[PDB]
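*Asks:* Using only what follows, build the 3D model:
(2 chains, ligands or ions: 5)
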Amino acid sequence: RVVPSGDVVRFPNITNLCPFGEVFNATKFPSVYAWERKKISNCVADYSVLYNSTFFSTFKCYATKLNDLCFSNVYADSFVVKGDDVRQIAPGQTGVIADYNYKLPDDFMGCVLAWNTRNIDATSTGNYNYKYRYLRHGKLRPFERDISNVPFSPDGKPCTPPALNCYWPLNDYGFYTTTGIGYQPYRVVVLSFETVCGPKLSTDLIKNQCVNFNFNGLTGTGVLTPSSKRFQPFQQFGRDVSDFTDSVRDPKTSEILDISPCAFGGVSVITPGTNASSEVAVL
Amino acid sequence: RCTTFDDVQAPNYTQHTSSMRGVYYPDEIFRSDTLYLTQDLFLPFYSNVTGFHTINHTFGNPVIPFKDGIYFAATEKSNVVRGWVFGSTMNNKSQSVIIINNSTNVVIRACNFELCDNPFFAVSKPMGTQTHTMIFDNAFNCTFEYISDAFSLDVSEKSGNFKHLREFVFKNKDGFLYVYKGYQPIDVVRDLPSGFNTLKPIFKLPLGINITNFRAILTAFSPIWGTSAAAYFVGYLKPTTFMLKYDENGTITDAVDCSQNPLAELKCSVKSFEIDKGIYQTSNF
Ligand SMILES: *[C@@H]1O[C@H](CO)[C@@H](O[C@@H]2O[C@H](CO)[C@@H](O[C@@H]3O[C@H](CO)[C@@H](O)[C@H](O)[C@@H]3O)[C@H](O)[C@H]2NC(C)=O)[C@H](O)[C@H]1NC(C)=O
Ligand SMILES: *[C@@H]1O[C@H](CO)[C@@H](O[C@@H]2O[C@H](CO)[C@@H](O)[C@H](O)[C@H]2NC(C)=O)[C@H](O)[C@H]1NC(C)=O
Ligand SMILES: *[C@@H]1O[C@H](CO)[C@@H](O[C@@H]2O[C@H](CO)[C@@H](O)[C@H](O)[C@H]2NC(C)=O)[C@H](O)[C@H]1NC(C)=O
Ligand SMILES: *[C@@H]1O[C@H](CO)[C@@H](O[C@@H]2O[C@H](CO)[C@@H](O)[C@H](O)[C@H]2NC(C)=O)[C@H](O)[C@H]1NC(C)=O
Ligand SMILES: *[C@@H]1O[C@H](CO)[C@@H](O)[C@H](O)[C@H]1NC(C)=O
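*Replies:* Numbering: from 1, shown residues only, chains lettered A, B, ... in the order given. Ligands and ions are numbered 1, 2, ... in the order given. Now the structure:
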């Protein structure tokens, strides 16, 4: 048998791209206790508009899910962080975000794209519409939000602030434009895998070789060459007089390839005998 | 606005001969220079077709049973049916499907519909423009919405004989409605024109409902909602075996029912259409 060498994976033209310019570059994001459940479904969440950019500080995935995004109905959860809260957008990492604002697990998450919005979110005196929680009666569980400005009391007494043992849970992030890096705002989107998928890995038609392949639904080894088989417009691929697949319309460019077996066959050895020679000719 | 037909007259139930129609391309696979026995839902040959003629004020469009699949065929000049209502009870109790042609495009929704008890296509008859699809007023819990390409549709009282013979195949298959279409250019006046004809696939429709019945929607041809002369036809898809012959082009030229007579099952057996004189062992009983 002749061992194949080569890989022809072709997919169609990619279906509906997710609006990353209007979800992961949108104009209206909340704080971190109250992530915006941006429902995107039946889409291609490819990160391709954003992974090749210079906006983003983290690229932290748990935008490498440009490779490996294929999940359920994902709500493209979006939010605005403190500069010191940028690092805490991760599984675990028991700081301000995970304890009180939004806890993140280590299974159903995508990529952290944290991009600079100093001249979009912050002012010279402070954007005081964005708040973080630093105290709550109990830490959070994963993918839970808490929008309530709860009249906090650290020992269980009924609380009407600013009375005795009464704090406000929501502290302002303090988004300046004339501060250091640690108190700059990043608009961030993190995927919650609650259906979107990734882009299409597509490559060459290495014709007239024993290669592997994987078309849009058809695998195996073969030899690829164009054909004269007049497919109809509704036709995926072709079969022979018997029931094996022998021809396929290319899912991206509609070329009608032929699919032949890779190669094999028998071997004879022709010999005059050990008493006459020790060379042979194989067949 | 849901209104009904007013001058509703008695139905026809005319029997027809289904001679050589209802054959279609079941898969999306190309095969050629071959001969292929397979089993699916099909029209039995020479079977009975109930015909619904539209004579002067016969509004012969009740809720018609479906059960697995149906055949719509219609000798048309004015295309008096442009709509079907799929579902079980069709009303806004369960999810139902409307597929209609509003003379601009084919608009398709699968929702809980406030259906008219007699829905229709509001058309000025001697002017020939469809004004409204008086079918549903409100839609609820919508699951799929489709709009076809925009096209100009002849909706007037066409004179002469019927020039268009569409063939339709509708299949509820695992959440999916499959809609197939064939066509014969015709010039006919009477019962049901015989002839071999094929269909092709257009639609895979994830509507996702129960469809036990369907409702035929006539076009109201009124100058009070009225008629013009047409007829349309109802057949049944049944799970039997056909053997089908493909040319070099992969086009169906010829196929054969297995269930007609012992001649036909013999042809299904030896995989040929030409059988020598002799005696042939066939299936036991
Ligand atoms: C599959 O479909 C094609 C249609 O594209 C069929 O090919 C056509 O066949 C006809 C007759 O079989 C050809 O007509 C011939 O034309 C020449 C000159 O054009 C004329 O001298 C002959 O007397 C005859 O009329 C036609 O040209 C041909 N088309 C092409 C593009 O070759 C084909 O026959 C179909 N396959 C089968 C098995 O029927
Ligand atoms: C998938 O996309 C490719 C390119 O993005 C399409 O290739 C074009 O095809 C049309 C006709 O189908 C040609 O006129 C163009 O010249 C092709 N593009 C180039 C750059 O040469 C291809 O058609 C698309 N697939 C489908 C099924 O439409
Ligand atoms: C291989 O062939 C040689 C012949 O070239 C054989 O050797 C001779 O065999 C004959 C009879 O078979 C004797 O009369 C000779 O005396 C042998 N000559 C020698 C030099 O041995 C040999 O026996 C053959 N061997 C086999 C295993 O077939
Ligand atoms: C279509 O239905 C008609 C009746 O509605 C069938 O015709 C009768 O069938 C019975 C039983 O087979 C016979 O005894 C009668 O002689 C038939 N009468 C006529 C006028 O044909 C008919 O067989 C049905 N079609 C098919 C293909 O079975
Ligand atoms: C018709 O079939 C018979 C089978 O016995 C055969 O002998 C005969 O040659 C056929 N007819 C022609 C014109 O060949």
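
*Asks:* give me the beta-bridge partners of the closest residue to chain B within chain A?
*Replies:* Here the residue of chain A nearest chain B is residue A:238; by C-beta to the nearest C-beta that distance is 3.9 Å. For the C-beta atoms, the positions are set from N, CA and C on the backbone; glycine is no exception. The partner list for residue A:238 in beta bridges (DSSP bridges) reads residue A:247, residue B:30.

*Asks:* what's around residue B:99, how many residues?
*Replies:* Residue B:99 is flanked by 24 other residues according to other C-beta atoms under 10 Å in any protein chain shown.

*Asks:* By neighbour count, which bits of the helix or strand containing it are buried? Give me those.
*Replies:* Using DSSP states H and E, residue B:99 maps to strand B:96-101. Neighbour-count burial for strand B:96-101, counted by 16 or more other C-beta atoms under 10 Å in any protein chain shown, picks out B:96, B:97, B:98, B:99, B:100, B:101.

*Asks:* Report all helices and strands that it contacts.
*Replies:* strand B:81-87, strand B:106-124, strand B:129-147 (3 or more C-beta pairs under 8 Å, 6 or more residues apart in numbering or on different chains; DSSP states H and E).

*Asks:* Give the closest residue to whichever residue of chain A sits closest to ligand 2 in space, chain neighbours not counted.
*Replies:* Ligand 2 sits closest to residue A:13 of chain A, with a gap of 3.7 Å, by C-beta to the nearest ligand atom. Among residues not flanking residue A:13 along the chain, residue A:252 sits closest, at 6.1 Å (C-beta to C-beta, 6 or more residues apart in numbering or on different chains).

*Asks:* What of residue A:17?
*Replies:* Using C-beta to C-beta, 6+ apart and skipping the chain neighbours, the partner closest in space to residue A:17 is residue A:44 (5.3 Å).

*Asks:* got it, and residue A:55?
*Replies:* Using C-beta to C-beta, 6+ apart and skipping the chain neighbours, the partner closest in space to residue A:55 is residue A:115 (3.6 Å).

*Asks:* mind listing the helices in the chain by residue range?
*Replies:* Answering for chain A, as no chain was given. Assigned by DSSP state H, chain A shows helices spanning A:20-23, A:48-51, A:65-68, A:96, A:118-121.

*Asks:* Oops, wrong one, chain B.
*Replies:* B:262-270.

*Asks:* what's the burial count for residue 118?
*Replies:* Since you didn't name a chain, this refers to chain A. 17.

*Asks:* meant chain B actually
*Replies:* The number of residues near residue B:118, taken as other C-beta under 10 Å, comes to 20.

*Asks:* Kindly report the same for residue B:111.
*Replies:* 19.

*Asks:* Hmm, it is touching residue B:137, no?
*Replies:* No - look at residue B:111 against residue B:137 with C-beta atoms under 8 Å: they stay out of range, at 11.8 Å.

*Asks:* Can you give me the distance of the residue in chain B positioned nearest to ligand 2 to ligand 1?
*Replies:* Nearest residue of chain B to ligand 2, counting by C-beta to the nearest ligand atom: residue B:28, 14.6 Å away. Applying C-beta to the nearest ligand atom, to the nearest Å, the value for residue B:28 to ligand 1 is 20 Å.

*Asks:* next one: residue B:282
*Replies:* Residue B:282 is 30 Å from ligand 1, by C-beta to the nearest ligand atom.

*Asks:* Also residue B:256?
*Replies:* 19 Å.

*Asks:* swap in residue B:33?
*Replies:* 8 Å.

*Asks:* show me what contacts that residue?
*Replies:* By C-beta atoms under 8 Å, 6 or more residues apart in numbering or on different chains, the contact set of residue B:33 is A:241, B:246, B:247, B:248.

*Asks:* Which pair in these has the greatest spatial separation?
*Replies:* Maximum pairwise distance in the contacts of residue B:33, criterion C-beta to C-beta, is 13.2 Å, between A:241 and B:247.

*Asks:* near chain A, which residues of the stretch 101-250 of chain B show up?
*Replies:* B:200, B:201, B:249, B:250 (C-beta under 8 Å from any C-beta of the partner chain).

*Asks:* Nearest residue to residue 57 in space, please, no chain neighbours.
*Replies:* With no chain named, the answer covers chain A. When the adjacent residues along the chain are set aside, residue A:57 lies closest to residue A:114, with 4.8 Å between them (C-beta to C-beta, 6+ apart).

*Asks:* I was after chain B.
*Replies:* residue B:7 (4.3 Å).

*Asks:* Nearest residue to the closest residue to ligand 1 within chain A in space, please, no chain neighbours.
*Replies:* Ligand 1 sits closest to residue A:230 of chain A, with a gap of 7.2 Å, by C-beta to the nearest ligand atom. Nearest non-adjacent residue to residue A:230, counting by C-beta to C-beta, 6+ apart: residue B:249, 5.6 Å away.

*Asks:* what's the one you found sitting at in phi/psi?
*Replies:* Reported as degrees, to the nearest 10, the phi and psi values for residue B:249 are phi -80, psi 0.

*Asks:* ok, it touching residue B:31?
*Replies:* No - with contacts counted by C-beta under 8 Å, residue B:249 stays clear of residue B:31, the gap being 10.9 Å.

*Asks:* Mind listing residues that contact stretch B:76-83?
*Replies:* In contact with stretch B:76-83 (C-beta under 8 Å, 6+ apart) are residues B:54, B:61, B:72, B:74, B:98-103, B:119, B:121, B:133, B:135, B:153-166, B:216-219, B:221, B:227-230, B:232.

*Asks:* Of these, just the buried ones, ChimeraX syntax please.
*Replies:* Selection of the buried residues among the contacts of stretch B:76-83 in ChimeraX, burial being defined by 16+ other C-beta under 10 Å:
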select /B:54,61,72,74,98,99,100,101,102,103,119,121,133,135,153,155,156,157,158,162,164,165,166,216,217,218,219,221,227,228,229,230,232
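
*Asks:* what about residue A:135, how many residues close to it?
*Replies:* Other residues near residue A:135 come to 15 when the count uses other C-beta under 10 Å.

*Asks:* That one contacts residue A:166, doesn't it?
*Replies:* No - using C-beta under 8 Å, residue A:135 is not in contact with residue A:166, being 10.9 Å away.

*Asks:* Need the residues touching each of these two.
*Replies:* Joint contacts of residue A:135 and residue A:166 (C-beta under 8 Å, 6+ apart) are residue A:152.

*Asks:* more neighbours, residue B:249 and residue B:31?
*Replies:* Per other C-beta under 10 Å, whichever of residue B:249 and residue B:31 has more neighbours is residue B:31, with 21 against 14.

*Asks:* got the residues of the stretch 1-150 of chain B near ligand 4?
*Replies:* Contact residues (C-beta under 6 Å from any ligand atom) of the stretch 1-150 of chain B with ligand 4: B:15, B:46, B:47, B:48.

*Asks:* Which strand residues bridge the first one?
*Replies:* It refers to residue B:15. Residue B:15 has these beta-bridge partners by DSSP bridges: residue B:50.

*Asks:* Pick out the residue nearest the middle of chain B.
*Replies:* residue B:72 (2.0 Å; C-alpha atoms, centre = their mean).
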